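A.B. asks: I have a structure I would like to understand better, so I am pasting it below and will then ask my questions one at a time.
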Amino acid sequence: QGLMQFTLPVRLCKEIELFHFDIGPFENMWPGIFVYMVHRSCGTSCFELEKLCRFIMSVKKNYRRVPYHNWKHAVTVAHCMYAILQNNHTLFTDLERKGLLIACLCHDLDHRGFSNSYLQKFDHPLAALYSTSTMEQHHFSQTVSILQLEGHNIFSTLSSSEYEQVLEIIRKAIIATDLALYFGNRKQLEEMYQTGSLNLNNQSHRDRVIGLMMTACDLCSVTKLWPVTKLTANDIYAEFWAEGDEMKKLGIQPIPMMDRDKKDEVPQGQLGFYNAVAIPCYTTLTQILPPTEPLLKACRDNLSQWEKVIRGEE
Ligand SMILES: Cc1cccc(Oc2nc(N3CCN(c4ccccn4)CC3)nc3[nH]cnc23)c1
Ligand SMILES: [Mg+2]
Ligand SMILES: [Zn+2]
């Protein structure tokens, strides 16, 4: 380093600070965008440039060429977190700023384009090793593997204590991306917020709140400008419809969300998703972290775009 500040063209320098930023089609700029976010989010001192670059390039190598659960998603989810952390400067610990951008870059490592359900029904070996949150325990496992490669220990300077704390933040953060766990997490956070028992000094409460940030970042396609939201949904459904095909090959009617013959039901399905998952997610997040409100506003804008799709106004 250390006088070696990463800088982005003006349009990117400004728009990267905004929640609805799209990282663009230039794959070779994504590492630099991430380093930029680490430096501003954490410090130019938090990681050794050489180690961080080697870590990033090994993480990229271990995402697959699947339509949605790919390297672009990793960097997209890390950017939403960057926007949360930067809008909530003083709420997060030094270990948290470090751990969470990494947890986001790593959160779908070695994803195969298939749900936990599909793995369980296929009887994949990963389903025997990890009975619940199957892919998420895998993703955390790949994260540790890459951290243990020569020249890849970005945490090398931390004490044995802090190293164990940061790997434990990463683990909880990655596990929280199991959407099956989100519904209960958000219900508890809602009750806590509304009986005024929420306490960010309670580690167990911080864990929940970080879990909600992870869901929020992970679903952030719904918080983009409509053309990004719409074109991202196409990639999401390309994966789901492939899984649906694979379900049919095991002799199992897929759920409609995964059935490409039920394309007509997408718009009504998106309404349910925004109502049951997305809006409640961003609403509770905004309650706990008021500056995240642009995610909720952007989400509601996208619900309204799907309602126009239904009314044939597009
Ligand atoms: C932004 C986004 C885009 C695509 C998929 C997505 O993830 C998901 N979408 C939904 N809903 C969406 C759409 N669904 C239907 C139904 C009939 C046909 C098509 N889609 C029905 C439930 N439910 C989910 N449960 C877990 N994950 C879900 C998110
Ligand atoms: Mg995932
Ligand atoms: Zn994800």
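The chains in the structure tokens are called A, B, ... from first to last as shown; in each chain the residues are counted from 1, and the ligands are counted from 1 in the order shown.
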Could I get the residue neighbourhood of ligand 1 at 7 Å, counting only C-alpha atoms and all ligand atoms, as a list in words?

C.D. replies: residues 179, 219, 221, 222, 233, 236, 237, 256, 257, 258, 262, 263, 264, 265, 266, 267, 268, 269, 270, 272 and 273 of chain A

A.B. asks: Take the residues from that selection and put them in a file with N, CA, C and O atoms, as an mmCIF file, in the first residue's frame.

C.D. replies:
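Produced file part_35.cif, reproduced below:
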data_model
loop_
_atom_site.group_PDB
_atom_site.id
_atom_site.type_symbol
_atom_site.label_atom_id
_atom_site.label_comp_id
_atom_site.auth_asym_id
_atom_site.auth_seq_id
_atom_site.Cartn_x
_atom_site.Cartn_y
_atom_site.Cartn_z
ATOM 1 N N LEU A 179 -33.313 -18.019 3.782
ATOM 2 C CA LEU A 179 -34.632 -17.328 3.896
ATOM 3 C C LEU A 179 -35.596 -18.105 4.837
ATOM 4 O O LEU A 179 -36.580 -17.501 5.317
ATOM 5 N N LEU A 219 -31.764 -9.719 -0.710
ATOM 6 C CA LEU A 219 -32.979 -9.564 -1.552
ATOM 7 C C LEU A 219 -32.910 -8.253 -2.344
ATOM 8 O O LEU A 219 -33.905 -7.940 -2.983
ATOM 9 N N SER A 221 -32.339 -6.987 -4.982
ATOM 10 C CA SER A 221 -32.799 -6.794 -6.384
ATOM 11 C C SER A 221 -34.117 -5.984 -6.391
ATOM 12 O O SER A 221 -34.440 -5.288 -7.395
ATOM 13 N N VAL A 222 -34.915 -6.119 -5.321
ATOM 14 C CA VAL A 222 -36.283 -5.528 -5.235
ATOM 15 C C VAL A 222 -36.132 -4.059 -4.845
ATOM 16 O O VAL A 222 -37.132 -3.405 -4.816
ATOM 17 N N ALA A 233 -34.970 -10.238 -12.089
ATOM 18 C CA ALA A 233 -35.989 -11.288 -11.895
ATOM 19 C C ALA A 233 -35.822 -12.344 -12.993
ATOM 20 O O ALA A 233 -35.977 -13.550 -12.702
ATOM 21 N N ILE A 236 -33.117 -14.677 -11.935
ATOM 22 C CA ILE A 236 -33.633 -15.472 -10.794
ATOM 23 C C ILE A 236 -34.501 -16.592 -11.351
ATOM 24 O O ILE A 236 -34.293 -17.752 -10.970
ATOM 25 N N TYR A 237 -35.455 -16.269 -12.212
ATOM 26 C CA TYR A 237 -36.403 -17.291 -12.733
ATOM 27 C C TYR A 237 -35.697 -18.292 -13.680
ATOM 28 O O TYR A 237 -36.138 -19.436 -13.702
ATOM 29 N N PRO A 256 -45.137 -23.718 -8.460
ATOM 30 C CA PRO A 256 -45.317 -22.885 -9.661
ATOM 31 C C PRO A 256 -44.148 -21.911 -9.939
ATOM 32 O O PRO A 256 -43.829 -21.648 -11.081
ATOM 33 N N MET A 257 -43.546 -21.394 -8.875
ATOM 34 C CA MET A 257 -42.403 -20.456 -8.926
ATOM 35 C C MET A 257 -41.275 -21.064 -9.760
ATOM 36 O O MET A 257 -40.489 -20.291 -10.310
ATOM 37 N N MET A 258 -41.184 -22.398 -9.803
ATOM 38 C CA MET A 258 -40.102 -23.150 -10.474
ATOM 39 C C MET A 258 -40.628 -23.796 -11.767
ATOM 40 O O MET A 258 -39.852 -24.383 -12.539
ATOM 41 N N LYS A 262 -45.744 -22.152 -16.011
ATOM 42 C CA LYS A 262 -46.606 -21.274 -15.189
ATOM 43 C C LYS A 262 -46.010 -19.860 -15.160
ATOM 44 O O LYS A 262 -46.123 -19.207 -14.095
ATOM 45 N N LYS A 263 -45.422 -19.422 -16.290
ATOM 46 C CA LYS A 263 -44.777 -18.083 -16.489
ATOM 47 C C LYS A 263 -45.812 -16.964 -16.276
ATOM 48 O O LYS A 263 -45.485 -15.905 -15.651
ATOM 49 N N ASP A 264 -47.023 -17.216 -16.775
ATOM 50 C CA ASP A 264 -48.223 -16.351 -16.646
ATOM 51 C C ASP A 264 -48.447 -15.997 -15.167
ATOM 52 O O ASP A 264 -48.952 -14.890 -14.925
ATOM 53 N N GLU A 265 -48.051 -16.819 -14.186
ATOM 54 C CA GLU A 265 -48.369 -16.542 -12.748
ATOM 55 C C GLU A 265 -47.283 -15.678 -12.063
ATOM 56 O O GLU A 265 -47.401 -15.383 -10.861
ATOM 57 N N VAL A 266 -46.247 -15.266 -12.791
ATOM 58 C CA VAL A 266 -45.096 -14.512 -12.214
ATOM 59 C C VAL A 266 -45.617 -13.245 -11.556
ATOM 60 O O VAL A 266 -45.383 -13.009 -10.373
ATOM 61 N N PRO A 267 -46.302 -12.353 -12.303
ATOM 62 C CA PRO A 267 -46.714 -11.069 -11.738
ATOM 63 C C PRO A 267 -47.493 -11.202 -10.427
ATOM 64 O O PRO A 267 -47.176 -10.493 -9.487
ATOM 65 N N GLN A 268 -48.457 -12.131 -10.350
ATOM 66 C CA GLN A 268 -49.227 -12.340 -9.094
ATOM 67 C C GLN A 268 -48.303 -12.896 -7.985
ATOM 68 O O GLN A 268 -48.347 -12.390 -6.803
ATOM 69 N N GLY A 269 -47.393 -13.817 -8.340
ATOM 70 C CA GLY A 269 -46.313 -14.302 -7.440
ATOM 71 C C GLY A 269 -45.416 -13.199 -6.882
ATOM 72 O O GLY A 269 -45.091 -13.210 -5.674
ATOM 73 N N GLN A 270 -44.999 -12.246 -7.698
ATOM 74 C CA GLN A 270 -44.155 -11.113 -7.222
ATOM 75 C C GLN A 270 -44.903 -10.302 -6.173
ATOM 76 O O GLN A 270 -44.316 -10.084 -5.093
ATOM 77 N N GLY A 272 -47.175 -11.321 -4.008
ATOM 78 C CA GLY A 272 -47.126 -12.094 -2.740
ATOM 79 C C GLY A 272 -45.774 -11.952 -2.083
ATOM 80 O O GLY A 272 -45.725 -11.745 -0.869
ATOM 81 N N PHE A 273 -44.696 -12.079 -2.879
ATOM 82 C CA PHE A 273 -43.296 -11.996 -2.399
ATOM 83 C C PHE A 273 -43.045 -10.615 -1.764
ATOM 84 O O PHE A 273 -42.381 -10.484 -0.678
#

A.B. asks: Tell me which protein, DNA and RNA residues are within 12 Å of residue 38 in chain A, counting only C-alpha atoms, leaving out same-chain ones fewer than 5 positions away, and put them as a VMD selection string.

C.D. replies: chain A and resid 5 to 6 31 to 33 43 to 49 52 to 53 56 75 78 to 79 81 to 83 85 to 86 94 96 to 102 104 to 105

A.B. asks: For the selection just defined, write its residues with N, CA, C and O atoms to a file, as a compact mmCIF listing (two decimals), in the first residue's frame.

C.D. replies:
# COMPACT_ATOMS: atom_id res chain seq x y z
N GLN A 5 -4.84 4.84 -2.64
CA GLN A 5 -6.32 4.98 -2.66
C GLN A 5 -6.88 4.53 -4.01
O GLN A 5 -6.61 5.19 -5.02
N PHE A 6 -7.71 3.48 -4.02
CA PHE A 6 -8.66 3.18 -5.12
C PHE A 6 -9.64 4.36 -5.34
O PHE A 6 -10.17 4.97 -4.38
N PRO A 31 -13.90 -6.28 -8.66
CA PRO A 31 -12.94 -6.32 -7.56
C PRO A 31 -12.55 -4.94 -7.03
O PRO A 31 -12.49 -4.74 -5.81
N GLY A 32 -12.29 -4.02 -7.93
CA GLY A 32 -11.86 -2.66 -7.54
C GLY A 32 -12.97 -1.94 -6.82
O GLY A 32 -12.67 -1.16 -5.90
N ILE A 33 -14.22 -2.17 -7.24
CA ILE A 33 -15.42 -1.57 -6.60
C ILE A 33 -15.49 -2.07 -5.14
O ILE A 33 -15.76 -1.28 -4.24
N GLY A 43 -11.41 0.98 6.34
CA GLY A 43 -10.12 1.69 6.32
C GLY A 43 -9.19 1.02 5.31
O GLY A 43 -9.37 -0.20 5.03
N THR A 44 -8.22 1.77 4.78
CA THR A 44 -7.10 1.24 3.92
C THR A 44 -6.12 0.38 4.72
O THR A 44 -5.32 -0.31 4.12
N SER A 45 -6.20 0.50 6.04
CA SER A 45 -5.42 -0.21 7.09
C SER A 45 -6.04 -1.55 7.51
O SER A 45 -5.30 -2.36 8.10
N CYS A 46 -7.34 -1.79 7.28
CA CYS A 46 -8.05 -2.97 7.83
C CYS A 46 -7.47 -4.27 7.23
O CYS A 46 -7.46 -5.27 7.96
N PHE A 47 -7.03 -4.26 5.98
CA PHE A 47 -6.53 -5.48 5.28
C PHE A 47 -5.30 -5.12 4.48
O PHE A 47 -5.30 -4.03 3.96
N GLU A 48 -4.39 -6.08 4.32
CA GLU A 48 -3.22 -5.98 3.41
C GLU A 48 -3.69 -6.12 1.95
O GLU A 48 -4.21 -7.16 1.58
N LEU A 49 -3.47 -5.09 1.13
CA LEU A 49 -3.94 -4.99 -0.27
C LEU A 49 -3.66 -6.30 -1.00
O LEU A 49 -4.58 -6.85 -1.56
N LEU A 52 -5.80 -9.14 0.29
CA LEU A 52 -7.23 -8.88 0.03
C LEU A 52 -7.54 -9.24 -1.43
O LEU A 52 -8.53 -9.97 -1.66
N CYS A 53 -6.64 -8.86 -2.34
CA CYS A 53 -6.78 -9.05 -3.81
C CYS A 53 -6.76 -10.55 -4.10
O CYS A 53 -7.60 -11.03 -4.84
N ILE A 56 -10.05 -12.00 -2.78
CA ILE A 56 -11.16 -11.62 -3.72
C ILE A 56 -11.11 -12.51 -4.97
O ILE A 56 -12.13 -13.06 -5.41
N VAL A 75 -21.14 -9.46 -5.30
CA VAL A 75 -20.61 -8.07 -5.23
C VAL A 75 -21.81 -7.15 -5.04
O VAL A 75 -21.71 -6.20 -4.22
N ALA A 78 -22.74 -7.34 -1.36
CA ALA A 78 -21.73 -6.59 -0.59
C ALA A 78 -21.98 -5.10 -0.75
O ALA A 78 -21.79 -4.33 0.25
N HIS A 79 -22.43 -4.64 -1.92
CA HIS A 79 -22.61 -3.18 -2.10
C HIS A 79 -23.79 -2.73 -1.23
O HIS A 79 -23.72 -1.64 -0.68
N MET A 81 -24.76 -3.84 1.54
CA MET A 81 -24.25 -3.78 2.94
C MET A 81 -23.41 -2.52 3.11
O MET A 81 -23.42 -1.90 4.19
N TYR A 82 -22.57 -2.23 2.12
CA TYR A 82 -21.71 -1.04 2.13
C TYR A 82 -22.63 0.17 2.36
O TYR A 82 -22.35 0.99 3.27
N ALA A 83 -23.74 0.24 1.62
CA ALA A 83 -24.66 1.40 1.72
C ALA A 83 -25.25 1.44 3.13
O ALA A 83 -25.43 2.54 3.64
N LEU A 85 -23.90 0.20 5.99
CA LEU A 85 -22.83 0.52 6.96
C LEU A 85 -22.50 2.00 6.82
O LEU A 85 -22.28 2.65 7.86
N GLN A 86 -22.48 2.54 5.61
CA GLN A 86 -22.02 3.94 5.44
C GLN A 86 -23.10 4.91 5.94
O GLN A 86 -22.77 6.00 6.40
N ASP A 94 -15.65 -2.37 14.94
CA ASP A 94 -14.52 -2.42 13.97
C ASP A 94 -14.50 -3.84 13.37
O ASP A 94 -14.29 -3.98 12.15
N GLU A 96 -17.08 -5.78 13.11
CA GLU A 96 -18.33 -5.95 12.32
C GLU A 96 -18.14 -5.38 10.91
O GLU A 96 -18.62 -6.02 9.96
N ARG A 97 -17.47 -4.23 10.80
CA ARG A 97 -17.29 -3.55 9.50
C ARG A 97 -16.46 -4.49 8.62
O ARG A 97 -16.92 -4.78 7.53
N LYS A 98 -15.37 -5.02 9.18
CA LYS A 98 -14.48 -6.05 8.57
C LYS A 98 -15.28 -7.27 8.10
O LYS A 98 -15.20 -7.60 6.90
N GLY A 99 -16.08 -7.85 8.98
CA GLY A 99 -16.58 -9.22 8.83
C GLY A 99 -17.70 -9.25 7.83
O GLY A 99 -17.76 -10.15 7.03
N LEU A 100 -18.54 -8.21 7.85
CA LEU A 100 -19.83 -8.20 7.16
C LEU A 100 -19.67 -7.99 5.64
O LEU A 100 -20.42 -8.62 4.89
N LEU A 101 -18.74 -7.15 5.17
CA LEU A 101 -18.54 -6.98 3.71
C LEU A 101 -17.99 -8.30 3.16
O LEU A 101 -18.38 -8.69 2.03
N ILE A 102 -17.13 -8.96 3.93
CA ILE A 102 -16.52 -10.27 3.57
C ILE A 102 -17.65 -11.31 3.58
O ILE A 102 -17.76 -12.16 2.64
N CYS A 104 -20.69 -11.01 3.04
CA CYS A 104 -21.56 -10.77 1.88
C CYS A 104 -20.89 -11.25 0.60
O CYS A 104 -21.59 -11.88 -0.20
N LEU A 105 -19.62 -10.93 0.39
CA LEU A 105 -18.88 -11.41 -0.81
C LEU A 105 -18.91 -12.95 -0.82
O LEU A 105 -19.08 -13.55 -1.92

A.B. asks: Give the residue list for ligand 3 at 7 Å, counting only C-alpha atoms and all ligand atoms, as a list in words, sorted by chain and then by residue number.

C.D. replies: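 Taking only C-alpha atoms and all ligand atoms into account, the residues around ligand 3 at most 7 Å away are residues 69, 73, 74, 107, 108, 177 and 218 of chain A.
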
A.B. asks: Write the residues you've just listed into a file as a short mmCIF file (atom, residue, chain, number, x, y, z; two decimals), in the first residue's frame, and include N, CA and C atoms for each of them.

C.D. replies:
data_model
loop_
_atom_site.label_atom_id
_atom_site.label_comp_id
_atom_site.auth_asym_id
_atom_site.auth_seq_id
_atom_site.Cartn_x
_atom_site.Cartn_y
_atom_site.Cartn_z
N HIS A 69 -27.01 -16.91 -8.92
CA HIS A 69 -26.15 -17.12 -7.73
C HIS A 69 -24.67 -17.15 -8.11
N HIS A 73 -23.80 -11.33 -8.13
CA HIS A 73 -24.68 -11.32 -6.94
C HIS A 73 -23.85 -11.08 -5.68
N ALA A 74 -22.74 -11.77 -5.54
CA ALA A 74 -21.83 -11.59 -4.38
C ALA A 74 -21.52 -10.10 -4.20
N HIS A 107 -21.15 -15.09 0.73
CA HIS A 107 -22.39 -15.68 1.31
C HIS A 107 -23.01 -16.77 0.42
N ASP A 108 -22.71 -16.83 -0.87
CA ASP A 108 -23.24 -17.90 -1.78
C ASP A 108 -22.09 -18.68 -2.45
N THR A 177 -28.76 -16.03 5.76
CA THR A 177 -29.19 -15.84 4.35
C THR A 177 -30.08 -17.01 4.00
N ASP A 218 -29.38 -9.38 0.68
CA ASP A 218 -29.53 -10.55 -0.20
C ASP A 218 -30.71 -10.39 -1.15
#

A.B. asks: At most 12 Å is the cut-off: for each residue in chain A with any atom that close to an atom of ligand 2, write down the nearest atom pair and the distance in Å rounded to one decimal, counting only C-alpha atoms and all ligand atoms, chain first then increasing number, as a Markdown table.

C.D. replies:
| residue | atom | partner | partner_atom_place_in_ligand_line | distance |
| --- | --- | --- | --- | --- |
| A:63 | CA | ligand 2 | 1 (Mg) | 11.7 |
| A:68 | CA | ligand 2 | 1 (Mg) | 10.3 |
| A:69 | CA | ligand 2 | 1 (Mg) | 7.4 |
| A:70 | CA | ligand 2 | 1 (Mg) | 10.2 |
| A:73 | CA | ligand 2 | 1 (Mg) | 9.8 |
| A:74 | CA | ligand 2 | 1 (Mg) | 9.6 |
| A:77 | CA | ligand 2 | 1 (Mg) | 10.6 |
| A:103 | CA | ligand 2 | 1 (Mg) | 11.5 |
| A:104 | CA | ligand 2 | 1 (Mg) | 10.0 |
| A:105 | CA | ligand 2 | 1 (Mg) | 11.2 |
| A:106 | CA | ligand 2 | 1 (Mg) | 9.7 |
| A:107 | CA | ligand 2 | 1 (Mg) | 6.3 |
| A:108 | CA | ligand 2 | 1 (Mg) | 4.8 |
| A:109 | CA | ligand 2 | 1 (Mg) | 8.5 |
| A:110 | CA | ligand 2 | 1 (Mg) | 9.9 |
| A:111 | CA | ligand 2 | 1 (Mg) | 7.4 |
| A:112 | CA | ligand 2 | 1 (Mg) | 10.2 |
| A:113 | CA | ligand 2 | 1 (Mg) | 9.5 |
| A:114 | CA | ligand 2 | 1 (Mg) | 9.6 |
| A:115 | CA | ligand 2 | 1 (Mg) | 8.4 |
| A:116 | CA | ligand 2 | 1 (Mg) | 9.4 |
| A:133 | CA | ligand 2 | 1 (Mg) | 9.4 |
| A:134 | CA | ligand 2 | 1 (Mg) | 9.9 |
| A:135 | CA | ligand 2 | 1 (Mg) | 6.9 |
| A:136 | CA | ligand 2 | 1 (Mg) | 6.3 |
| A:137 | CA | ligand 2 | 1 (Mg) | 10.1 |
| A:138 | CA | ligand 2 | 1 (Mg) | 10.1 |
| A:139 | CA | ligand 2 | 1 (Mg) | 8.1 |
| A:140 | CA | ligand 2 | 1 (Mg) | 10.7 |
| A:173 | CA | ligand 2 | 1 (Mg) | 11.0 |
| A:174 | CA | ligand 2 | 1 (Mg) | 8.0 |
| A:175 | CA | ligand 2 | 1 (Mg) | 8.7 |
| A:176 | CA | ligand 2 | 1 (Mg) | 9.2 |
| A:177 | CA | ligand 2 | 1 (Mg) | 5.6 |
| A:178 | CA | ligand 2 | 1 (Mg) | 6.3 |
| A:179 | CA | ligand 2 | 1 (Mg) | 8.2 |
| A:180 | CA | ligand 2 | 1 (Mg) | 10.9 |
| A:181 | CA | ligand 2 | 1 (Mg) | 11.9 |
| A:214 | CA | ligand 2 | 1 (Mg) | 10.2 |
| A:215 | CA | ligand 2 | 1 (Mg) | 9.6 |
| A:217 | CA | ligand 2 | 1 (Mg) | 11.2 |
| A:218 | CA | ligand 2 | 1 (Mg) | 7.7 |
| A:219 | CA | ligand 2 | 1 (Mg) | 10.0 |
| A:236 | CA | ligand 2 | 1 (Mg) | 12.0 |

A.B. asks: Smallest atom-to-atom distance to residue 291 in chain A: which of A:21, A:276, A:55, A:88, using only C-alpha atoms?

C.D. replies: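 Looking at the shortest contact to residue 291 in chain A, the residue is A:88.
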
A.B. asks: Between CA of residue 220 in chain A and CA of residue 203 in chain A, what is the spacing in Å?

C.D. replies: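 One can read the CA of residue 203 in chain A to CA of residue 220 in chain A distance as 25.4 Å.
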
A.B. asks: Go through range 27-204 of chain A and collect every residue that DSSP, computed from the backbone, puts in helix (DSSP H, G or I); the answer should be as number ranges by chain.

C.D. replies: A: 27-41, 49-61, 71-87, 89-91, 94-106, 116-122, 125-129, 134-147, 160-175, 179-194, 203-204

A.B. asks: What would the file look like if the residues just selected were written as a short mmCIF file (atom, residue, chain, number, x, y, z; two decimals), in the first residue's frame with C-alpha atoms?

C.D. replies:
data_model
loop_
_atom_site.label_atom_id
_atom_site.label_comp_id
_atom_site.auth_asym_id
_atom_site.auth_seq_id
_atom_site.Cartn_x
_atom_site.Cartn_y
_atom_site.Cartn_z
CA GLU A 27 -16.90 -7.83 -14.58
CA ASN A 28 -13.22 -6.67 -14.39
CA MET A 29 -14.25 -3.48 -12.43
CA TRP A 30 -16.09 -5.50 -9.65
CA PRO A 31 -12.94 -6.32 -7.56
CA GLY A 32 -11.86 -2.66 -7.54
CA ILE A 33 -15.42 -1.57 -6.60
CA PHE A 34 -15.31 -4.00 -3.61
CA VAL A 35 -11.80 -2.85 -2.50
CA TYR A 36 -13.09 0.76 -2.75
CA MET A 37 -16.02 -0.19 -0.48
CA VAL A 38 -13.75 -1.96 2.05
CA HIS A 39 -11.35 1.05 2.17
CA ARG A 40 -14.16 3.61 2.79
CA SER A 41 -16.27 1.25 5.03
CA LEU A 49 -3.94 -4.99 -0.27
CA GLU A 50 -1.97 -7.99 -1.66
CA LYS A 51 -3.79 -10.50 0.64
CA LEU A 52 -7.23 -8.88 0.03
CA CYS A 53 -6.78 -9.05 -3.81
CA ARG A 54 -5.67 -12.71 -3.62
CA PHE A 55 -8.70 -13.43 -1.32
CA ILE A 56 -11.16 -11.62 -3.72
CA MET A 57 -9.81 -13.43 -6.83
CA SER A 58 -10.02 -16.86 -5.06
CA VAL A 59 -13.62 -16.05 -3.93
CA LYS A 60 -14.57 -15.08 -7.52
CA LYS A 61 -12.98 -18.33 -8.85
CA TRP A 71 -20.03 -13.48 -8.65
CA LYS A 72 -22.13 -10.42 -9.69
CA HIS A 73 -24.68 -11.32 -6.94
CA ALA A 74 -21.83 -11.59 -4.38
CA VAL A 75 -20.61 -8.07 -5.23
CA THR A 76 -24.18 -6.70 -5.54
CA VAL A 77 -25.03 -7.98 -1.98
CA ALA A 78 -21.73 -6.59 -0.59
CA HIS A 79 -22.61 -3.18 -2.10
CA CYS A 80 -26.05 -3.03 -0.37
CA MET A 81 -24.25 -3.78 2.94
CA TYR A 82 -21.71 -1.04 2.13
CA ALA A 83 -24.66 1.40 1.72
CA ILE A 84 -26.15 0.26 5.10
CA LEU A 85 -22.83 0.52 6.96
CA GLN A 86 -22.02 3.94 5.44
CA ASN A 87 -25.52 5.36 6.31
CA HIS A 89 -21.49 5.14 10.62
CA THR A 90 -21.36 4.91 14.43
CA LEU A 91 -23.60 1.84 15.09
CA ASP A 94 -14.52 -2.42 13.97
CA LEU A 95 -14.77 -6.27 13.78
CA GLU A 96 -18.33 -5.95 12.32
CA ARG A 97 -17.29 -3.55 9.50
CA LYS A 98 -14.48 -6.05 8.57
CA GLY A 99 -16.58 -9.22 8.83
CA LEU A 100 -19.83 -8.20 7.16
CA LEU A 101 -18.54 -6.98 3.71
CA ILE A 102 -16.52 -10.27 3.57
CA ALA A 103 -19.54 -12.31 4.75
CA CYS A 104 -21.56 -10.77 1.88
CA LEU A 105 -18.88 -11.41 -0.81
CA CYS A 106 -18.70 -15.07 0.48
CA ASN A 116 -31.83 -26.60 -0.16
CA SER A 117 -35.15 -28.34 -1.09
CA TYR A 118 -33.71 -29.66 -4.40
CA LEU A 119 -30.48 -30.94 -2.70
CA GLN A 120 -32.63 -32.77 -0.05
CA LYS A 121 -34.94 -34.33 -2.67
CA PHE A 122 -32.00 -35.26 -4.97
CA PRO A 125 -24.17 -35.59 -0.20
CA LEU A 126 -24.27 -31.94 1.09
CA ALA A 127 -27.79 -32.71 2.47
CA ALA A 128 -26.33 -35.56 4.63
CA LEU A 129 -23.47 -33.41 5.89
CA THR A 134 -27.59 -26.99 3.72
CA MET A 135 -26.09 -24.55 1.15
CA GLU A 136 -25.43 -21.89 3.81
CA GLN A 137 -23.24 -24.27 5.92
CA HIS A 138 -21.46 -25.14 2.67
CA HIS A 139 -20.90 -21.41 1.83
CA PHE A 140 -19.38 -20.81 5.30
CA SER A 141 -17.21 -23.98 4.87
CA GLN A 142 -15.86 -22.62 1.50
CA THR A 143 -15.22 -19.25 3.19
CA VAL A 144 -13.01 -20.86 5.88
CA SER A 145 -11.29 -23.04 3.18
CA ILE A 146 -10.28 -19.91 1.18
CA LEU A 147 -9.20 -18.05 4.37
CA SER A 160 -6.79 -15.21 18.37
CA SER A 161 -9.88 -13.67 20.18
CA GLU A 162 -10.86 -11.14 17.54
CA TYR A 163 -10.21 -13.72 14.75
CA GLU A 164 -12.70 -16.10 16.49
CA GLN A 165 -15.22 -13.23 16.95
CA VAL A 166 -14.98 -12.09 13.26
CA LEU A 167 -15.32 -15.73 11.93
CA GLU A 168 -18.37 -16.07 14.22
CA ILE A 169 -19.91 -12.84 12.79
CA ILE A 170 -19.28 -14.22 9.25
CA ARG A 171 -20.84 -17.61 10.17
CA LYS A 172 -24.04 -16.17 11.71
CA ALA A 173 -24.30 -13.64 8.81
CA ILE A 174 -24.01 -16.39 6.17
CA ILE A 175 -26.41 -18.75 7.96
CA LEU A 179 -34.63 -17.33 3.90
CA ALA A 180 -36.35 -20.14 5.91
CA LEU A 181 -34.79 -18.48 9.07
CA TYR A 182 -35.78 -14.90 8.11
CA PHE A 183 -39.55 -15.13 8.99
CA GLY A 184 -38.94 -16.02 12.66
CA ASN A 185 -35.98 -13.62 12.95
CA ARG A 186 -38.04 -10.68 11.68
CA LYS A 187 -41.09 -11.68 13.91
CA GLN A 188 -38.84 -11.59 17.01
CA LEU A 189 -37.30 -8.27 15.92
CA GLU A 190 -40.77 -6.77 15.35
CA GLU A 191 -42.01 -7.87 18.89
CA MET A 192 -38.72 -6.59 20.44
CA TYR A 193 -38.93 -3.22 18.65
CA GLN A 194 -42.63 -2.69 19.61
CA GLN A 203 -25.04 -9.48 21.56
CA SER A 204 -28.00 -11.86 20.94
#

A.B. asks: I need the residue nearest residue 283 in chain A from this list: A:303, A:212, A:225, A:271. Use only C-alpha atoms for the distance.

C.D. replies: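 Answer, going by the shortest atom-to-atom distance: A:212.
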
A.B. asks: One number please: CA of residue 310 in chain A to CA of residue 280 in chain A, in Å, one decimal.

C.D. replies: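 That distance, rounded to one decimal, is 21.6 Å.
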